[PDB]
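Report on the following structure.
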Protein chains: 2
Amino acid sequence: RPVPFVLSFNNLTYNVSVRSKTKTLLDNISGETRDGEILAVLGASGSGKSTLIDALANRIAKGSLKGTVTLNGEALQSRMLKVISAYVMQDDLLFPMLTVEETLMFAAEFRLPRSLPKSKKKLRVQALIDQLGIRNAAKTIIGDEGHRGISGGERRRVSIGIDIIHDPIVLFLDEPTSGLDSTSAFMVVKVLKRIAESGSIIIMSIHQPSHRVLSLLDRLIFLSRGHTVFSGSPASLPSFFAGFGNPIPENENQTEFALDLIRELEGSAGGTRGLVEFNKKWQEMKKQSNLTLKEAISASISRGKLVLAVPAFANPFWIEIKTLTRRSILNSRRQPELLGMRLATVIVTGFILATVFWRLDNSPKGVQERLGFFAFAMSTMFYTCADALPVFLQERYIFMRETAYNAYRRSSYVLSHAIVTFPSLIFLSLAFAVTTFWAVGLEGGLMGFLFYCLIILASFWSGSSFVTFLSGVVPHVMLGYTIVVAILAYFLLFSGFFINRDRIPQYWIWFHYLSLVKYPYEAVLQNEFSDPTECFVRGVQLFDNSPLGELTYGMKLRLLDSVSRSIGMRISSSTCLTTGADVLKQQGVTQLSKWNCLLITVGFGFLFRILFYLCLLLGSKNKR
Amino acid sequence: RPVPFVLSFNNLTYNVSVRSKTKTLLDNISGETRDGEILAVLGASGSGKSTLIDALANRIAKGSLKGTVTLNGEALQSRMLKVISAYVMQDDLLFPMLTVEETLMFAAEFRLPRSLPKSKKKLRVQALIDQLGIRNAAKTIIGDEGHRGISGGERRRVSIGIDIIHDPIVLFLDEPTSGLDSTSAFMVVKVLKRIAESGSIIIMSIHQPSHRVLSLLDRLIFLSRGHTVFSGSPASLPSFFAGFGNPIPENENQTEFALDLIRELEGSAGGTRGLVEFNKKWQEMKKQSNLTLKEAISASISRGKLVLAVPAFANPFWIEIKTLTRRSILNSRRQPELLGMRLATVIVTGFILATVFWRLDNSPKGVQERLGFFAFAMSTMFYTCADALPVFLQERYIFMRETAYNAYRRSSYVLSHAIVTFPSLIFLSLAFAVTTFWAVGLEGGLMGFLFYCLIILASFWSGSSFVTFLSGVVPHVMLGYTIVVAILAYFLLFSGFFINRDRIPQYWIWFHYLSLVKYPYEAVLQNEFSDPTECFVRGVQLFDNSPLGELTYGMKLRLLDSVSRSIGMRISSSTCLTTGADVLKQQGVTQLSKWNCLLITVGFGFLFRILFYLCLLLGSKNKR
Ligand SMILES: Nc1ncnc2c1ncn2[C@@H]1O[C@H](COP(=O)(O)OP(=O)(O)O)[C@@H](O)[C@H]1O
Ligand SMILES: Nc1ncnc2c1ncn2[C@@H]1O[C@H](COP(=O)(O)OP(=O)(O)O)[C@@H](O)[C@H]1O
Ligand code: BEF
Ligand code: BEF
Ligand SMILES: [Mg+2]
Ligand SMILES: [Mg+2]
C-alpha cells in the first residue's frame, strides 16, 4: 500500500589524495534497499561507514565519486535528493542557546507546510519529544563546551528529531544510537522502523547493535577498509560464515563474531580479499535461487510522506523569512550582552565625542574641528560594523547542513539576516545621533537632525552589508578580520578627508569613487555647511595659526590694513573670508547633493547583500 | 605489589538553577573503588553519568557540590587531583590540523619527564597507536566540520590516548567506547584494565557493554535521574533484582534487563524510590557478611605511575614553552594563508601609501602630508593587531582542558604565545618599513630607517599585547571585536593627531597619557623632524592655503614686504618661518625623547602580557 521505492547503488568508488599519493576510501561498493526496510551499515571504526553514507547522500563532490545511485531504476539526481531526503550526521550541530523543544519547533516550522496548522505542528513536536524520550530535557538548552545544557545522548536524539519531524522518503542516519543506552537505542530503532514501514527507505550505520535492535534491521552491509565483506539479512549470518570456513557458535553474538573475524583477516597476510571475493560469489549465488519516478514521488506525497508537482521547499519564502527571523531574535534574547555592549560602546563613543567636541563655533579651528569630528564619527561607524563578520561565520556550518536538504532557501537566509540586524542599526543610529547632534552643535534644526539620523543609519547599513559580503568570501574569522580592517583603512585613505580629491593620484581616483566612507562623509558636510553664507573665517582670523607666532589683536588689525594695500580687496575686521560654501569647495565636496550621497550609501548596502547572496550561490557548500 | 588506593565518595549532591527553580542533578550518591579495578557507571541517557564524573574530577564549582571525596581516607584535594588524575570527556576537543601521531606526540612531550629520552617517548606513542588500533589513521589530520580528517571512532581513541600516555593514578573516562565497534571497544577496555591492574583507579561510564566488556568491569554503579539504584559486582546483578522482585532470565542481557526495569520504574506512579531504598538496604546487608596519602603517592611514582616530592608538572617551564611553541608553529604551517594574508595586506598597505605619499617635500603641505601619513600608518598598525583577538579564543577550550590536569603551566602558555607571534611581527615590521621609508622619503638615513623598523615593531608588539589582554577578558569573539575597535578609536582620538594635547579637555588628559598610539606616533615624528634647523616653510609659503584665494608669485612678495612693515621682523623670500623643531612644538611632541617613547611602547606590551596572565590566573576555568 505504500509507494514502492528501490534505491540501488552500484560500483561506488571514492579516492582521496594524501596531502601526493592516493587512498581508496570506497572500493566498488554495491547494494540495494527498498521502502519498508532498514539497511544497516556495519564495520569497524574507520572502515568507511560515514563515507558510504556521504556518497549516497550527495555529500561528496561530483567527479570525486564513481558509480551510479538510482531510485526505481532511474538516476537519483542531486536536485531530487535535496527534496526527498534527510541526513542525521555522526556529529551533532545545533544552535547552543535554543532549548530542545524550541529547536524541534523551528525544524517543524521549516519542514512542515502551511496546510498543517500551528497547533498541529506543536502536537507533532510534543509527540516527537515523547517517543524519542527527551521529555525531561525539553526545556533545557542544547549548550556547548562553555554552557552546560543537555546530555550527549539527549543531543543525539534532538539531531534525529530535526530530520524526522517531516516524513522523508529516504533517510540517512550516521550512527543514530551512538551515545545511547540500550533501552533508548531500542526506542530510536523502533521509531525508525515505523517510519520505514510507512513507506521510507532507511539507511543507517550502527556499531554495537543488540539482538533486539538487530532483529529490527532487514538488510546488513558489512564494511572492511572500503570493501564490502557481507551483504544480506541478519538471519543469513551463520549460513554465510559457515560457507566461508569460520562457522559461528550459537551462544556468541553474530555481529561481534563477524567483526572479530574481519579484523583478524585485516591483519593476516592475505587480507580480507578472500572474503571480498567470497562475498561476491555469495551474492551471485542467491540470484539463482508503468509509474515513473516523479510520478511515484508525487503519489507518495499524496499518501502522506513529506507532508501533482513536487515543491522543492515546504513553505513560501516569506514563511521561511518569518521562521529564520524568529530564531535569530531568539538567539539574541539568550545572549543580551551582544546587543547590549554594541549599544554601550556606541553611547560611550557618542558621549566622549560630545565632551571633546562640545558646541563647536564659527572659527577656522571650528571648521577643522567639524571636519575632524565628522571624519572620526564616520570612520568608527564603519569600524563598528566589522563586528558583524563572525555573524555568518558561526552560523555557516549549520547553514550548510540545513540548506543541503532544503530547509529554507539561501535567498530567504540573506533576506532574513538583513531584516534582523536592521532594528539594532536603528538603535545604534539613534543612540549616536542624540548624543552628538545637540552637544557638538550641528546645524539644520530638526530637519538637519533627521538627515543626520538617516545618514548614520545608511552608514551602518552600508558598512554591515560590506562586512557581511566579506564574511561570505572568506572561510575564516581571522582571515576576514585581516581583510576587512585593511579595506576599511583604504576606504578612509581615499575618502577625501585624509588627502583631498585633488591630491589623490590619477591612478587611484577610481578607488576614491568606490570608497564606502566618502559618500556619507560628503553628506554630513553638506548637512553641516548647509547655509552657504554662514561665516566661518571672519577677517581677523586670517592670521589664526599662521607661521608668524602669536600676535596681539591691535597688530592683527595692522596686518589687515597692510594686506589690503597689496591685493586691492578691502578686508576689514568684519569681512567674511570663508563661507560655508567655501569650506565645501576646499574639501572638494561639490559633485553630488547630500540626498544623492545618501542614496549611493543605501545603494552600496543593497549591492553587497546581492553579492553576498551570489557568493552563497557559488560557494558555501561543505563537500566530501 | 602496586600501592593501594581507595577512592571513596559519599553523599554527593548537586543542584542547578532552572533559568528560577532548582533541579537536583545528583542526589546523595555514594560509592567507592580501589586500584586494580574498573568502576563502571551505567544508566540511561540523562541520568547524570557525566555529572557524577564531573563531580569526582573537580569539574563542578566549589560550593555547588555537596558531599566528600576522599583518597585513602584523607580528603582528595583539588591541588592533588590535578597532579595525579586525567579526564577523557564525552566530547572530543582536539586541534584539527594536527595529525594523529603529532597529537599524541605533543601530549607525550607534555606529560612525560626529561628522564625519559625523546626516542623512548616516540616508542610510547607508536606503541599506544598500535594497541588503541589507529595505525591506519596515524598520518591523517583530526579535522573538523570543514576539513575531513579521521573518523569519529578514530577521534575517540585519540582523546583516550591523550590522557593515557602517562600512567595516572586516577582515570576518569566519560563514555570511552561510544562511537566504537564491538571489537575495538573490547580493545580499549582491555587497555584500560591493564592500566588498572598496574595500580590505577579507573572510573568510566559506558552505555551498551557486551558480555565481553562487562566481565572486565569489577564494580558497577547504576544511575536513575541522579539517584543510585544499583551498586556492586556484575555477578551480583541477578541476585540483586531477584531480591527486589523482578528476577532476570538467564538468556537475556543483564544490563539490558536492568535499564528496561529502571526506565519502567521511572514512568510508574511510585517512581524509582522503592528501588533507591532497596539498594540502600542491599548495601547494608553486605556490611554484615601507616603510609599517608602523600607518602603513598610518592611510593607510587617510584613504582612507575605518573612517569620524594610530588612535582605538579612533569617538565620545567622551558620544556613546556618549547613544546607549546612547536605546536603553534605546526598549526601555522598547516594554515599558511593566515600569515600569508597578514603579510600580503601589510605589503599592499605599504605599497598604497608609497604611491600616495611619494617623496614628500619641505612644504607646508609636505608637513601635513607627513603628519597624516604617520597618523594613518600608526593607526592601521594597531587596527591590524585586532586580528590577534580570536587566537586565544579558538584555543581557549583546549587550553582549559589541558591546564585543568597540569599538562603545562598557564605562565608557559602566555610566554609561548608571546614568543610565537614575534617572528611574524618582525616580518610585518620589515615589510612595512622597506615599502615606505625610501618611497615616502623619510629622514635619518640608515639610523633613521633602523629606528623606524624598531618603532613599528614596538607598535605591533604593544597592539598585539593589548588585543591579547582583551581576548582574555571577553568570552566572545564578537564581544571582543566590539570592545577592541571602540578602545582603539579612543586611543586614536586622544593620541594627539586628531586634536592636540592643548585642545584635549582637562578631564580627558589622563586617557591621553594612556593612549597606545601616542608614544609611537610621537616617536616617528621626532625621527622625521630630527634636524632642528631643516626648513619646512620658506618665506613665500606663508600664504599657501590662506583664505585669500590663489595669488601670483610677484604679489605674494608684495605681501611679504607688507607684512614686514607691521611686525618689525624682516621676512624675505628665503626667510625660514617654520623649522623641524617648530613642527614638533606645534604638535605638542615635546615631553619625551623618541627613545623614551619607544621604551614606553615596549613597556605597554609587557604590561598587557602580564595582565593577560593575571586574567588567566583569575578566570578561564570551565566549571560545572
Ligand atoms: N579526507 C580523508 N583524507 C584522508 N583520509 C581519510 C579521509 N577520510 C577518511 N579517511 C579515512 O577513511 C577512513 C574511513 O572513514 P569514515 O567513513 O569516517 O570511517 P567510519 O567507518 O568510522 O565511518 C578513516 O580511516 C578515515 O581516517
Ligand atoms: N546545567 C544544567 N542545567 C539544566 N539541566 C541540566 C544541566 N545539566 C544537566 N541537566 C540535565 O542533567 C541530566 C543529566 O546530565 P548528564 O550527566 O549530562 O547525563 P548523562 O547520563 O547522559 O551523562 C540531563 O537531563 C541533563 O539535561
Ligand atoms: F546522555 Be548521556 F551522555 F548518557
Ligand atoms: F570511526 Be567511525 F565513526 F566508525
Ligand atoms: Mg564515521
Ligand atoms: Mg553524559
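Using Swiss-Prot numbers, chain A covers 67-85, 102-371, 385-402, 419-735, in order.
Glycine residues also receive a Cβ, built from the backbone N, Cα and C atoms like all the rest.
Now, the feature entries from Swiss-Prot:
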BINDING   A:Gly125, A:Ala126, A:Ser127, A:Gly128, A:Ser129, A:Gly130, A:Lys131, A:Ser132  ATP binding site
DOMAIN    A:430-640  domain 'ABC transmembrane type-2'
TRANSMEM  A:449-469  transmembrane segment
TRANSMEM  A:484-504  transmembrane segment
TRANSMEM  A:525-545  transmembrane segment
TRANSMEM  A:569-589  transmembrane segment
TRANSMEM  A:590-610  transmembrane segment
TRANSMEM  A:709-729  transmembrane segment
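Here the features listed in Swiss-Prot are placed on the structure.
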residue	record	CB count, 10 Å
A:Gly125	ATP binding site	27
A:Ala126	ATP binding site	25
A:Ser127	ATP binding site	24
A:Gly128	ATP binding site	25
A:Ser129	ATP binding site	28
A:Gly130	ATP binding site	27
A:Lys131	ATP binding site	28
A:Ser132	ATP binding site	22
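The transmembrane segment (A:449-469) makes no contact with the transmembrane segment (A:569-589), as judged by fewer than three Cβ pairs under 8 Å among residues 6 or more apart in sequence. Through the fold, the transmembrane segment (A:569-589) approaches residues 489, 492-493, 495-497, 499-504, 528-529, 532-533, 536, 539-540, 595, 598, 627-628, 631, 709, 712-713, 715-720, 722-723, 726-727, 730-731 of its own chain, all at least 6 residues removed from its boundaries and within a Cβ separation under 8 Å. Distance across the unmodelled 16-residue segment, from the CA of A:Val402 to the CA of A:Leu419, is 14 Å in the deposited entry. DSSP assigns A:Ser132 (ATP binding site) to a helix in the three-state reduction.
In the deposited model, 13 residues between A:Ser371 and A:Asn385 are left unbuilt, and the Cα atoms flanking this gap sit 27 Å apart. With respect to ligand 1, the binding-site residues A:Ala126, A:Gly130, A:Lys131 contribute A:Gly130, A:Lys131 as residues with a C-beta closer than 6 angstroms to one of its atoms, given in sequence order.
Contact annotation for binding-site residues (A:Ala126, A:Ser127, A:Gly128, A:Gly130) versus ligand 4: A:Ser127, A:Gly128, each with CB under 6 Å from a ligand atom. When secondary structure is read from DSSP and collapsed to three states, A:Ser127 (ATP binding site) falls in the coil class. Closeness to ligand 5 is met by A:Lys131, A:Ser132, these being the binding-site residues among A:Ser127, A:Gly128, A:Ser129, A:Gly130, A:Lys131, A:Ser132 whose Cβ falls under 6 Å from the molecule.
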